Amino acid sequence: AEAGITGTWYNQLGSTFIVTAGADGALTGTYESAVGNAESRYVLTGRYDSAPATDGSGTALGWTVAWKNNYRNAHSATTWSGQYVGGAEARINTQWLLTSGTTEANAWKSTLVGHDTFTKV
């Protein structure tokens, strides 16, 4: 729990997540996607339970990335919600929502949902 979130993680698509977990609940770092209208690293910010468990539970966390950087602006943002489980093979299991900015006419089809599993391998 805690500390252990800090590091570089990769998900099944090959995207890389580099985070620092702060003693009080903050999550800061950068994200580089392997898919999308993404190009380079994007800033990410989130929050986690700094006091999880003590039944063998995971540590709830979440973070956001607005897909805009010095190279591209996809006019979308993705949020990942999930939990961290440490151990010999630590992982972060997440479900994400990706919203694109649309006109009201296309608001019904603005959000994609998926799931990503990140490991340090």
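The numbering used is simple: start at 1 and walk along the sequence shown. In this text, rigid core is short for the largest set of C-alphas that superpose within 1.5 Å between two forms.
Open item on the list: Which segment is farther from the shown form on average in 5 other deposited structures of this protein after a rigid core fit, 85 to 93 or 35 to 43, going by CA atoms?
Closed with: Checking 85 to 93 against 35 to 43 in 5 other deposited structures of this protein, I find the farther stretch is 35 to 43.
- [ ] Superpose on the core, then say which of 26 to 34 and 57 to 65 ends up with the larger RMS Cα offset from this form in 5 other deposited structures of this protein.
- [x] Clearly, after the core fit, the stretch farther away in 5 other deposited structures of this protein is 26 to 34.
TODO: Take the C-alpha B-factors listed in the entry for 57 to 65 and for 82 to 90, compute each mean, and give the stretch with the larger one.
DONE: Looking at the record's C-alpha B-factors, the answer is 82 to 90.
Task: Segment of higher mean CA temperature factor, 67 to 75 or 32 to 40 - done: That would be 32 to 40.
- [ ] Sorting the chain's modelled residues by C-alpha B-factor, tell me whether residue 7 ends up in the lowest, middle or highest third.
- [x] Middle third.
TODO: Grab the CA temperature factor for residue 100 from the record and place it in the lowest, middle or highest third of its chain.
DONE: It belongs to the middle third of the chain when residues are ordered by C-alpha B-factor.
Open item on the list: Quick check on the deposited entry: does the C-alpha B-factor of residue 13 sit in the lowest, middle or highest third of its chain?
Closed with: For residue 13, the deposited C-alpha B-factor lands in the highest third.
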